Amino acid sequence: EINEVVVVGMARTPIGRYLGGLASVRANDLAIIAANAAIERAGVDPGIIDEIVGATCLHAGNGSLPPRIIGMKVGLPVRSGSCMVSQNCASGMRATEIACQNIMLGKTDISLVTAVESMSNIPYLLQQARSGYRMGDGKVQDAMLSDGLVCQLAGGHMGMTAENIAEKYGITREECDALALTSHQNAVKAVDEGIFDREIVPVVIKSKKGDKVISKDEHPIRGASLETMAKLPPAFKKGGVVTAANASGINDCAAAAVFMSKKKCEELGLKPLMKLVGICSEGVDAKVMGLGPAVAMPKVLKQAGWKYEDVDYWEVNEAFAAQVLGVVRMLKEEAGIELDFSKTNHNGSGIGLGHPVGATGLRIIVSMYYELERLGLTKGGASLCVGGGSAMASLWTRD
């Protein structure tokens, strides 16, 4: 029969601003810092880790199979496995599943999962450079948009799909700005109070004149007020309800985690932090991808036999304020769920802290656990929508 899987170490870097504090740190070097932190915290010798499952949305520019580069540099054995997975925003959560199911089936005993996105260092593409443009102008493409944020099925930017959710359920700019403010404010609150200090591993910038250190998330807007939110123009559509402040940002980050079979963790005398309960995907139409969590969360709860009210804390990534309010509505209408804001996103989410696409899937799992630990809770869950529709959700317990 299948093994039980546990998490033994978890870490993430700060979430940097687009072209901000971490713009000088390429994705692989952020992954190495987060991976080393998780490995040390677990107390496992990197030489016995069986594989690395690396998550990222934009491979381009980071070399041949970056996860193999990241694994070898943190000391994985050359015998270890390596692969790179992408499910857009849920990349880190799908890497977690792939690794855990490998452990479930006995294929591995210890698996490293890295999730990273350095959106400040995504290159531009020259599509016709190989065979030549022959004649006439072409396009030098921003890969972060053409290969990531701009969905072909949706027809435009992710923000447009949030506008669809606002239209369908009739969400207004006032409701979006209200929710968005709390995220910026909650994020500001937790950042300055040091709530993220435990999970964070700092990133050190090796400047020539000196040596700077990034230890704090830097996306949230300080001094946000309900009237300041109302002063921003629409960011993606004329008269659209989505703005830069009520929409998740563009950001850099890397998260990592060490997973293990329950019995391997016991053999090594290590401390299991929490146990995988469930994890799965479930899609919605690309044009309303934001509602994915409203179908993934009930599904994973069914697979595990839990009721929504059983989960002690939730980390539901806020891609856009309208997107969240659409999830609340769909969860009330087509599910029997009244989203418990008192046990969900306590310290801000994507809107306030940012959305490093490739890292976020695992980021919210890391943050979920450490919030459980700070509040002495037991059962946690994390879900998030995905560009294209295929959303994910996962459930965990601290035994």
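Numbering starts at 1 and runs along the sequence shown.
query = For the stretches 195-203 and 168-176, which has the higher mean C-alpha B-factor as given in the deposited record?
reply = According to the entry, 168-176 carries the higher average C-alpha B-factor.
key: Given 238-246 and 69-77, the range whose Cα B-factors average higher in the PDB entry   = Going by the record's values, the stretch with the higher mean is 238-246.
query = Which of these, 142, 266, 252, 97, has its C-alpha atom at the highest B-factor, as the entry lists it?
reply = Among 142, 266, 252, 97, the PDB entry lists the largest C-alpha B-factor for 266.
key: Among 93, 256, 226, 125 - the residue whose C-alpha B-factor is largest in the record   = Answer for 93, 256, 226, 125: 226, with the highest C-alpha B-factor.
request  = Would you mind ranking residue 132 by its C-alpha B-factor against the rest of the chain and naming the third, lowest, middle or highest?
outcome  = Its C-alpha B-factor, which the entry lists for residue 132, ranks in the lowest third among residues of this chain.
inquiry  = When the deposited Cα B-factors of this chain's modelled residues are ordered and cut into thirds, is residue 117 in the lowest, the middle or the highest one?
reply    = According to the entry, residue 117 has a C-alpha B-factor in the chain's lowest third.
task = Taking the values exactly as deposited, rank residue 363 by C-alpha B-factor within its chain and report the matching third: lowest, middle or highest.
result = Lowest third, going by the recorded CA B-factors of the chain.
inquiry  = Looking at the temperature factor on the CA atom of residue 397, which third of the chain's modelled residues does it land in?
reply    = Middle third, going by the recorded CA B-factors of the chain.
ask   = Based on the entry's values, in what third of the chain does the Cα temperature factor of residue 352 lie: lowest, middle or highest?
value = Residue 352: CA B-factor falls in the middle third of its chain.
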